[PDB]
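Enquirer: Have a look at this one.
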Amino acid sequence: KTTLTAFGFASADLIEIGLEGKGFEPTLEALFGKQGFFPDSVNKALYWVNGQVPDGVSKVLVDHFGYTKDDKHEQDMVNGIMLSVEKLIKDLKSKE
């Protein structure tokens, strides 16, 4: 929002766009929470996909998505991504 006072002492809101919403936190956590889609999905993709991102990007990825070096699951790329998808689907209707 912005209020303009350029007509002497007469004021007038030049423009205002009002955003109102609730229930964002559950989706925020289902995307980036402990069981969120992004952390597990990125971890599985990094484990099953050859090659590592530059070290600078690697630090951020480890910090945010909790990439794990070693996994004992002979489950494949498809199941690795699909576990994250499954938990996200449960996240969707398990909350607001």
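Note on naming: chains are A, B, ... as they come in the structure tokens, residues start from 1 per chain, ligands start from 1 in the order shown.
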Using backbone DSSP assignments, extract all strand (DSSP E or B) residues from chain A; output them as a VMD selection string.
Expert: chain A and resid 2 to 7 10 to 15
Enquirer: Write to file, as an mmCIF file, in the first residue's frame, the residues of the selection just made, with N, CA, C and O atoms.
Expert:
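Result written to part_32.cif:
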```
data_model
loop_
_atom_site.group_PDB
_atom_site.id
_atom_site.type_symbol
_atom_site.label_atom_id
_atom_site.label_comp_id
_atom_site.auth_asym_id
_atom_site.auth_seq_id
_atom_site.Cartn_x
_atom_site.Cartn_y
_atom_site.Cartn_z
ATOM 1 N N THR A 2 0.356 2.319 -0.563
ATOM 2 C CA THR A 2 1.043 3.602 -0.553
ATOM 3 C C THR A 2 0.014 4.719 -0.505
ATOM 4 O O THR A 2 -0.984 4.681 -1.231
ATOM 5 N N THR A 3 0.261 5.708 0.350
ATOM 6 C CA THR A 3 -0.620 6.857 0.513
ATOM 7 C C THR A 3 0.087 8.091 -0.030
ATOM 8 O O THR A 3 1.225 8.377 0.356
ATOM 9 N N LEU A 4 -0.587 8.815 -0.918
ATOM 10 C CA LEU A 4 -0.026 9.988 -1.573
ATOM 11 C C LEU A 4 -0.693 11.244 -1.035
ATOM 12 O O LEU A 4 -1.922 11.300 -0.917
ATOM 13 N N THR A 5 0.118 12.246 -0.714
ATOM 14 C CA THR A 5 -0.355 13.549 -0.256
ATOM 15 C C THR A 5 0.292 14.603 -1.151
ATOM 16 O O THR A 5 1.334 15.167 -0.817
ATOM 17 N N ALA A 6 -0.343 14.869 -2.298
ATOM 18 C CA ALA A 6 0.203 15.815 -3.264
ATOM 19 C C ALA A 6 -0.862 16.760 -3.806
ATOM 20 O O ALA A 6 -0.671 17.344 -4.880
ATOM 21 N N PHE A 7 -1.972 16.927 -3.095
ATOM 22 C CA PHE A 7 -3.068 17.796 -3.505
ATOM 23 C C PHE A 7 -3.295 18.881 -2.461
ATOM 24 O O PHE A 7 -4.430 19.193 -2.094
ATOM 25 N N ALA A 10 -4.854 17.331 0.965
ATOM 26 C CA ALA A 10 -5.732 16.205 0.683
ATOM 27 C C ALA A 10 -4.913 14.960 0.370
ATOM 28 O O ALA A 10 -4.013 14.982 -0.474
ATOM 29 N N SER A 11 -5.232 13.869 1.059
ATOM 30 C CA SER A 11 -4.531 12.604 0.907
ATOM 31 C C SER A 11 -5.369 11.636 0.085
ATOM 32 O O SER A 11 -6.597 11.742 0.028
ATOM 33 N N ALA A 12 -4.689 10.687 -0.554
ATOM 34 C CA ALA A 12 -5.359 9.687 -1.373
ATOM 35 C C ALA A 12 -4.433 8.497 -1.556
ATOM 36 O O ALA A 12 -3.301 8.657 -2.022
ATOM 37 N N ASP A 13 -4.914 7.310 -1.189
ATOM 38 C CA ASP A 13 -4.146 6.091 -1.397
ATOM 39 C C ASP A 13 -3.924 5.868 -2.885
ATOM 40 O O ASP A 13 -4.873 5.582 -3.623
ATOM 41 N N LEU A 14 -2.676 5.996 -3.335
ATOM 42 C CA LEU A 14 -2.395 5.850 -4.758
ATOM 43 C C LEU A 14 -2.734 4.446 -5.240
ATOM 44 O O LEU A 14 -3.293 4.275 -6.330
ATOM 45 N N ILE A 15 -2.409 3.428 -4.444
ATOM 46 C CA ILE A 15 -2.728 2.050 -4.795
ATOM 47 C C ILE A 15 -2.605 1.200 -3.541
ATOM 48 O O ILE A 15 -1.815 1.502 -2.643
#
```
Enquirer: Just want the 7 Å neighbourhood of segment 94-96 of chain A, counted on only C-alpha atoms, with same-chain residues fewer than 3 positions away dropped. Output as an MDAnalysis selection string.
Expert: chainID A and resid 23 26 90:91
Enquirer: Any chance you could export the current selection's N, CA, C and O atoms as a compact mmCIF listing (two decimals), in the first residue's frame?
Expert:
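Final output, saved to result_19.txt:
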```
# COMPACT_ATOMS: atom_id res chain seq x y z
N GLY A 23 -3.69 -20.72 7.04
CA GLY A 23 -3.36 -22.10 6.79
C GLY A 23 -2.15 -22.31 5.91
O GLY A 23 -1.99 -23.39 5.34
N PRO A 26 0.93 -25.08 7.49
CA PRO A 26 0.95 -26.52 7.21
C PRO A 26 1.54 -26.85 5.85
O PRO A 26 2.35 -27.78 5.76
N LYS A 90 -0.01 -37.60 1.69
CA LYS A 90 -0.58 -37.69 3.03
C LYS A 90 -0.56 -36.35 3.74
O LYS A 90 -1.53 -35.99 4.43
N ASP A 91 0.52 -35.58 3.59
CA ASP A 91 0.57 -34.24 4.15
C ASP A 91 -0.62 -33.40 3.68
O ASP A 91 -1.18 -32.63 4.46
```
Enquirer: Could you make a table, as a tab-separated table, of the residues of segment 7-41 of chain A that have an atom within 12 Å of an atom of segment 56-62 of chain A, each with its nearest atom pair and distance in Å to one decimal, counting only C-alpha atoms, in chain and number order?
Expert:
```
residue	atom	partner	partner_atom	distance
A:38	CA	A:61	CA	10.5
A:39	CA	A:61	CA	8.9
A:40	CA	A:62	CA	11.4
A:41	CA	A:61	CA	11.7
```
Enquirer: Create the file for the chosen residues now, containing N, CA, C and O atoms and written as a PDB file, in the first residue's frame.
Expert:
```
ATOM      1  N   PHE A  38      10.262 -31.573  -0.199  1.00  0.00           N
ATOM      2  CA  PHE A  38      11.535 -31.140  -0.772  1.00  0.00           C
ATOM      3  C   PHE A  38      12.733 -31.813  -0.121  1.00  0.00           C
ATOM      4  O   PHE A  38      13.609 -32.303  -0.854  1.00  0.00           O
ATOM      5  N   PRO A  39      12.856 -31.868   1.209  1.00  0.00           N
ATOM      6  CA  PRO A  39      14.062 -32.489   1.789  1.00  0.00           C
ATOM      7  C   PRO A  39      14.256 -33.934   1.362  1.00  0.00           C
ATOM      8  O   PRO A  39      15.329 -34.292   0.861  1.00  0.00           O
ATOM      9  N   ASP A  40      13.238 -34.776   1.549  1.00  0.00           N
ATOM     10  CA  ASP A  40      13.374 -36.186   1.202  1.00  0.00           C
ATOM     11  C   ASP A  40      13.571 -36.370  -0.297  1.00  0.00           C
ATOM     12  O   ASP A  40      14.379 -37.204  -0.726  1.00  0.00           O
ATOM     13  N   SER A  41      12.834 -35.610  -1.110  1.00  0.00           N
ATOM     14  CA  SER A  41      12.971 -35.736  -2.557  1.00  0.00           C
ATOM     15  C   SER A  41      14.387 -35.393  -3.002  1.00  0.00           C
ATOM     16  O   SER A  41      14.999 -36.125  -3.788  1.00  0.00           O
TER      17      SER A  41
END
```
Enquirer: Quick one, how far is atom CA of residue 77 of chain A from atom CA of residue 52 of chain A?
Expert: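 Atom-to-atom, atom CA of residue 77 of chain A and atom CA of residue 52 of chain A are spaced 15.8 Å apart.
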Enquirer: Could you pull out all residues of segment 7-86 of chain A with a DSSP call of alpha helix (DSSP H) and give them as a tab-separated table (two decimals) with N, CA and C atoms, in the first residue's frame?
Expert:
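Dumped everything to states-v3.tsv:
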```
chain	number	residue	atom	x	y	z
A	24	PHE	N	-1.30	-21.29	5.77
A	24	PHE	CA	-0.10	-21.44	4.95
A	24	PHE	C	0.94	-22.31	5.64
A	25	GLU	N	1.09	-22.16	6.95
A	25	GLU	CA	2.11	-22.90	7.70
A	25	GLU	C	2.08	-24.40	7.45
A	26	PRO	N	0.93	-25.08	7.49
A	26	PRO	CA	0.95	-26.52	7.21
A	26	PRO	C	1.54	-26.85	5.85
A	27	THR	N	1.18	-26.11	4.80
A	27	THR	CA	1.76	-26.38	3.49
A	27	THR	C	3.25	-26.04	3.47
A	28	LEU	N	3.64	-24.95	4.13
A	28	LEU	CA	5.05	-24.61	4.21
A	28	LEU	C	5.86	-25.76	4.80
A	29	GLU	N	5.34	-26.38	5.86
A	29	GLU	CA	6.05	-27.48	6.50
A	29	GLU	C	5.96	-28.77	5.69
A	30	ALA	N	4.83	-29.01	5.02
A	30	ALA	CA	4.73	-30.18	4.15
A	30	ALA	C	5.68	-30.06	2.96
A	31	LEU	N	6.07	-28.84	2.61
A	31	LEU	CA	7.04	-28.66	1.54
A	31	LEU	C	8.47	-28.70	2.06
A	32	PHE	N	8.73	-28.08	3.22
A	32	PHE	CA	10.08	-27.91	3.73
A	32	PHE	C	10.24	-28.40	5.16
A	37	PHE	N	8.16	-32.59	1.46
A	37	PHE	CA	8.47	-33.18	0.16
A	37	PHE	C	9.89	-32.85	-0.27
A	38	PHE	N	10.26	-31.57	-0.20
A	38	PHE	CA	11.53	-31.14	-0.77
A	38	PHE	C	12.73	-31.81	-0.12
A	39	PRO	N	12.86	-31.87	1.21
A	39	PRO	CA	14.06	-32.49	1.79
A	39	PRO	C	14.26	-33.93	1.36
A	40	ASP	N	13.24	-34.78	1.55
A	40	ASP	CA	13.37	-36.19	1.20
A	40	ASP	C	13.57	-36.37	-0.30
A	41	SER	N	12.83	-35.61	-1.11
A	41	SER	CA	12.97	-35.74	-2.56
A	41	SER	C	14.39	-35.39	-3.00
A	42	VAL	N	14.93	-34.28	-2.50
A	42	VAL	CA	16.28	-33.88	-2.87
A	42	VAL	C	17.30	-34.89	-2.38
A	43	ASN	N	17.12	-35.39	-1.15
A	43	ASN	CA	18.04	-36.39	-0.62
A	43	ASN	C	18.07	-37.63	-1.51
A	44	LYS	N	16.89	-38.16	-1.85
A	44	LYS	CA	16.83	-39.36	-2.67
A	44	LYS	C	17.41	-39.11	-4.06
A	45	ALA	N	17.09	-37.96	-4.66
A	45	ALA	CA	17.60	-37.66	-5.99
A	45	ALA	C	19.12	-37.55	-5.98
A	46	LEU	N	19.68	-36.88	-4.97
A	46	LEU	CA	21.13	-36.77	-4.88
A	46	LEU	C	21.78	-38.14	-4.68
A	47	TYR	N	21.18	-38.98	-3.84
A	47	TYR	CA	21.75	-40.30	-3.61
A	47	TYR	C	21.73	-41.15	-4.87
A	48	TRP	N	20.62	-41.14	-5.61
A	48	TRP	CA	20.46	-42.03	-6.75
A	48	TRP	C	21.02	-41.46	-8.05
A	55	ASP	N	30.63	-27.15	-4.53
A	55	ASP	CA	30.70	-27.20	-3.07
A	55	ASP	C	29.84	-26.12	-2.43
A	56	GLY	N	29.86	-24.90	-2.98
A	56	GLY	CA	29.04	-23.84	-2.42
A	56	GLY	C	27.57	-24.19	-2.42
A	57	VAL	N	27.07	-24.70	-3.55
A	57	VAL	CA	25.68	-25.15	-3.60
A	57	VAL	C	25.49	-26.38	-2.73
A	58	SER	N	26.52	-27.22	-2.62
A	58	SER	CA	26.41	-28.42	-1.80
A	58	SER	C	26.14	-28.08	-0.34
A	59	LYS	N	26.81	-27.04	0.18
A	59	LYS	CA	26.58	-26.63	1.56
A	59	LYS	C	25.12	-26.25	1.77
A	60	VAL	N	24.56	-25.44	0.86
A	60	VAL	CA	23.18	-25.00	1.01
A	60	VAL	C	22.23	-26.19	0.91
A	61	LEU	N	22.47	-27.09	-0.04
A	61	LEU	CA	21.60	-28.25	-0.18
A	61	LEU	C	21.64	-29.12	1.06
A	62	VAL	N	22.83	-29.35	1.62
A	62	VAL	CA	22.93	-30.15	2.84
A	62	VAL	C	22.20	-29.46	3.98
A	63	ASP	N	22.39	-28.14	4.12
A	63	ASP	CA	21.77	-27.42	5.23
A	63	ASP	C	20.25	-27.46	5.15
A	64	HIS	N	19.70	-27.26	3.95
A	64	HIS	CA	18.26	-27.10	3.81
A	64	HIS	C	17.52	-28.42	3.66
A	65	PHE	N	18.04	-29.34	2.84
A	65	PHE	CA	17.34	-30.57	2.50
A	65	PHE	C	17.91	-31.79	3.19
A	76	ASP	N	15.83	-47.78	-5.86
A	76	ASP	CA	15.83	-47.16	-7.18
A	76	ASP	C	15.32	-45.72	-7.16
A	77	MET	N	15.61	-44.99	-8.25
A	77	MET	CA	15.26	-43.58	-8.35
A	77	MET	C	13.75	-43.37	-8.28
A	78	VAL	N	12.99	-44.21	-8.96
A	78	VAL	CA	11.54	-44.03	-9.02
A	78	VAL	C	10.94	-44.11	-7.63
A	79	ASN	N	11.29	-45.16	-6.88
A	79	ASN	CA	10.77	-45.30	-5.52
A	79	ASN	C	11.32	-44.21	-4.61
A	80	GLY	N	12.57	-43.80	-4.83
A	80	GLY	CA	13.13	-42.73	-4.01
A	80	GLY	C	12.33	-41.45	-4.11
A	81	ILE	N	12.00	-41.03	-5.33
A	81	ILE	CA	11.16	-39.84	-5.50
A	81	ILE	C	9.74	-40.12	-5.02
A	82	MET	N	9.26	-41.34	-5.23
A	82	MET	CA	7.85	-41.61	-4.99
A	82	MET	C	7.54	-41.72	-3.51
A	83	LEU	N	8.53	-42.05	-2.68
A	83	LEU	CA	8.32	-41.98	-1.23
A	83	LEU	C	8.03	-40.55	-0.80
A	84	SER	N	8.82	-39.59	-1.31
A	84	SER	CA	8.56	-38.19	-1.02
A	84	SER	C	7.18	-37.78	-1.53
A	85	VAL	N	6.83	-38.22	-2.74
A	85	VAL	CA	5.51	-37.90	-3.28
A	85	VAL	C	4.41	-38.45	-2.38
A	86	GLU	N	4.57	-39.69	-1.91
A	86	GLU	CA	3.58	-40.33	-1.06
A	86	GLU	C	3.39	-39.57	0.24
```
Enquirer: Could you tell me how far atom CA of residue 21 of chain A lies from atom CA of residue 33 of chain A, in Å and to one decimal?
Expert: 20.1 Å
Enquirer: For a quick check of understanding, using only C-alpha atoms, which of A:88, A:1, A:22, A:54 has the smallest distance to residue 34 of chain A?
Expert: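 The answer is A:88, which sits nearest to residue 34 of chain A.
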Enquirer: Go ahead and compute the interatomic distance for atom CA of residue 51 of chain A and atom CA of residue 72 of chain A, in Å to one decimal.
Expert: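 Interatomic distance, atom CA of residue 51 of chain A to atom CA of residue 72 of chain A: 18.6 Å.
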